[PDB]
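Everything below concerns the one structure shown next.
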Amino acid sequence: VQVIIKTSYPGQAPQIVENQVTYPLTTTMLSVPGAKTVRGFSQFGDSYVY
Amino acid sequence: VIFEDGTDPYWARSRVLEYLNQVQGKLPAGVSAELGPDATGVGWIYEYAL
């Protein structure tokens, strides 16, 4: 069981996707009650957060 | 935001959220609306100093 949060970011390198999207998402998710762990995927073009 | 004593906490939190969604854009330049933690005025368990 998990909640998925995908954010698309065209033509952006994995690193930039991380800092612009994945970072603020994951870090601020650390404090959502019930969250055992938080997965962050920074692919070139997309941001899959679990 | 105070509720009628007895009501489910997360209900209240998931309740206030809908009227905080439409008030986010109305907020100044870059000030954000931070929601209280999933704890009360006793959660203060362990304190330390570096």
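By convention in this document, the chains of the structure tokens carry letters A, B, ... by their order, each chain's residues are numbered from 1, and ligands are numbered from 1 in the order they are shown.
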Long-range neighbours of region 2-15 of chain A as a tab-separated table (two decimals) with N, CA and C atoms, in the first residue's frame, 10 Å cut-off, only C-alpha atoms, 3 positions minimum in chain:
```tsv
chain	number	residue	atom	x	y	z
A	18	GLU	N	15.52	16.55	-9.59
A	18	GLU	CA	15.66	16.32	-8.15
A	18	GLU	C	15.46	17.60	-7.35
A	19	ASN	N	16.24	18.63	-7.69
A	19	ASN	CA	16.25	19.87	-6.94
A	19	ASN	C	14.98	20.72	-7.10
A	20	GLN	N	14.35	20.63	-8.27
A	20	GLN	CA	13.20	21.47	-8.58
A	20	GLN	C	11.88	20.84	-8.14
A	21	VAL	N	11.83	19.51	-8.10
A	21	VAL	CA	10.57	18.82	-7.84
A	21	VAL	C	10.66	17.74	-6.76
A	22	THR	N	11.52	16.75	-6.98
A	22	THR	CA	11.62	15.62	-6.07
A	22	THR	C	11.98	16.05	-4.66
A	25	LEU	N	9.18	17.92	-2.63
A	25	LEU	CA	8.12	16.94	-2.42
A	25	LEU	C	8.48	15.98	-1.30
A	26	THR	N	9.54	15.21	-1.50
A	26	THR	CA	9.94	14.19	-0.53
A	26	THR	C	10.17	14.78	0.86
A	35	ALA	N	3.45	7.75	7.31
A	35	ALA	CA	4.49	7.45	6.33
A	35	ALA	C	5.63	6.64	6.94
A	36	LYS	N	5.72	5.37	6.56
A	36	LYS	CA	6.81	4.51	7.00
A	36	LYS	C	8.10	4.96	6.32
A	37	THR	N	8.08	4.95	4.99
A	37	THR	CA	9.22	5.41	4.20
A	37	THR	C	8.75	6.20	2.98
A	38	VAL	N	9.66	6.97	2.40
A	38	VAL	CA	9.34	7.81	1.25
A	38	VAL	C	10.35	7.62	0.12
A	39	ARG	N	9.86	7.15	-1.02
A	39	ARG	CA	10.71	6.89	-2.18
A	39	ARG	C	10.71	8.05	-3.16
A	40	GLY	N	11.90	8.45	-3.60
A	40	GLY	CA	12.03	9.54	-4.55
A	40	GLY	C	12.77	9.13	-5.80
A	41	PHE	N	12.11	9.28	-6.95
A	41	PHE	CA	12.72	8.92	-8.23
A	41	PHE	C	12.90	10.14	-9.12
A	42	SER	N	14.15	10.49	-9.39
A	42	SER	CA	14.45	11.62	-10.25
A	42	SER	C	14.96	11.15	-11.60
A	43	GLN	N	14.04	10.88	-12.52
A	43	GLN	CA	14.40	10.49	-13.87
A	43	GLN	C	14.47	11.72	-14.76
A	44	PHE	N	15.27	11.64	-15.82
A	44	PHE	CA	15.32	12.70	-16.81
A	44	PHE	C	13.95	12.91	-17.44
A	45	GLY	N	13.20	13.88	-16.93
A	45	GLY	CA	11.90	14.19	-17.50
A	45	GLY	C	10.71	13.98	-16.59
A	46	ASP	N	10.86	13.14	-15.57
A	46	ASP	CA	9.75	12.87	-14.66
A	46	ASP	C	10.18	12.72	-13.20
A	47	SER	N	9.21	12.85	-12.30
A	47	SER	CA	9.48	12.77	-10.87
A	47	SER	C	8.47	11.88	-10.15
A	48	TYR	N	8.83	10.61	-9.96
A	48	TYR	CA	7.96	9.66	-9.29
A	48	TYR	C	8.26	9.58	-7.79
A	49	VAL	N	7.32	10.06	-6.98
A	49	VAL	CA	7.46	10.01	-5.53
A	49	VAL	C	6.48	9.02	-4.91
A	50	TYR	N	7.00	8.12	-4.08
A	50	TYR	CA	6.18	7.10	-3.44
A	50	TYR	C	6.12	7.29	-1.93
```
message = Need to verify the contact set: residue 38 (chain B), 10 Å, only C-alpha atoms, exclusion of same-chain residues closer than 5 positions in sequence. Can you return it as a PyMOL selection string?
response = (chain A and resi 31-34) or (chain B and resi 9-10+13+43)
request  = Looking only at helix (DSSP H, G or I) from DSSP on the backbone, list the matching residues of chain A as a ChimeraX atom specification.
outcome  = /A:14-29
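Within the 12 Å cut-off around residue 34 (chain B), using only C-alpha atoms and omitting residues fewer than 2 positions from it on the same chain, the listed residues are residues 28, 31 and 32 of chain A; 17, 20, 21, 24, 31, 32, 36 and 37 of chain B.
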task = Taking the chain letters and numbering used in this document, name the residues of chain A that DSSP puts in strand (DSSP E or B), as JSON, numbers by chain.
result = {"A": [5, 6, 7, 8, 40, 41, 42, 43, 46, 47, 48, 49]}
Would you save the residues of that selection, restricted to N, CA and C atoms, as a PDB file, in the first residue's frame?
```pdb
ATOM      1  N   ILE A   5       2.811  10.071  -6.243  1.00  0.00           N
ATOM      2  CA  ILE A   5       2.769  11.467  -6.663  1.00  0.00           C
ATOM      3  C   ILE A   5       3.746  11.728  -7.806  1.00  0.00           C
ATOM      4  N   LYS A   6       3.251  11.615  -9.034  1.00  0.00           N
ATOM      5  CA  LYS A   6       4.072  11.827 -10.221  1.00  0.00           C
ATOM      6  C   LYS A   6       3.971  13.260 -10.731  1.00  0.00           C
ATOM      7  N   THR A   7       5.124  13.890 -10.938  1.00  0.00           N
ATOM      8  CA  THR A   7       5.179  15.236 -11.496  1.00  0.00           C
ATOM      9  C   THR A   7       6.068  15.255 -12.737  1.00  0.00           C
ATOM     10  N   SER A   8       5.474  15.575 -13.884  1.00  0.00           N
ATOM     11  CA  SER A   8       6.206  15.573 -15.147  1.00  0.00           C
ATOM     12  C   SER A   8       7.018  16.851 -15.335  1.00  0.00           C
ATOM     13  N   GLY A  40      11.896   8.450  -3.603  1.00  0.00           N
ATOM     14  CA  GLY A  40      12.028   9.544  -4.546  1.00  0.00           C
ATOM     15  C   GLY A  40      12.769   9.130  -5.800  1.00  0.00           C
ATOM     16  N   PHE A  41      12.113   9.277  -6.947  1.00  0.00           N
ATOM     17  CA  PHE A  41      12.715   8.922  -8.225  1.00  0.00           C
ATOM     18  C   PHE A  41      12.895  10.142  -9.117  1.00  0.00           C
ATOM     19  N   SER A  42      14.148  10.487  -9.390  1.00  0.00           N
ATOM     20  CA  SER A  42      14.448  11.620 -10.252  1.00  0.00           C
ATOM     21  C   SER A  42      14.964  11.148 -11.605  1.00  0.00           C
ATOM     22  N   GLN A  43      14.040  10.878 -12.518  1.00  0.00           N
ATOM     23  CA  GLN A  43      14.404  10.485 -13.870  1.00  0.00           C
ATOM     24  C   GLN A  43      14.468  11.715 -14.761  1.00  0.00           C
ATOM     25  N   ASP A  46      10.862  13.143 -15.567  1.00  0.00           N
ATOM     26  CA  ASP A  46       9.750  12.868 -14.659  1.00  0.00           C
ATOM     27  C   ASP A  46      10.180  12.721 -13.202  1.00  0.00           C
ATOM     28  N   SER A  47       9.213  12.854 -12.298  1.00  0.00           N
ATOM     29  CA  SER A  47       9.479  12.769 -10.866  1.00  0.00           C
ATOM     30  C   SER A  47       8.469  11.880 -10.147  1.00  0.00           C
ATOM     31  N   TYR A  48       8.830  10.615  -9.960  1.00  0.00           N
ATOM     32  CA  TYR A  48       7.961   9.656  -9.289  1.00  0.00           C
ATOM     33  C   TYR A  48       8.256   9.585  -7.793  1.00  0.00           C
ATOM     34  N   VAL A  49       7.316  10.061  -6.982  1.00  0.00           N
ATOM     35  CA  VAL A  49       7.463  10.012  -5.531  1.00  0.00           C
ATOM     36  C   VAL A  49       6.485   9.018  -4.914  1.00  0.00           C
TER      37      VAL A  49
END
```
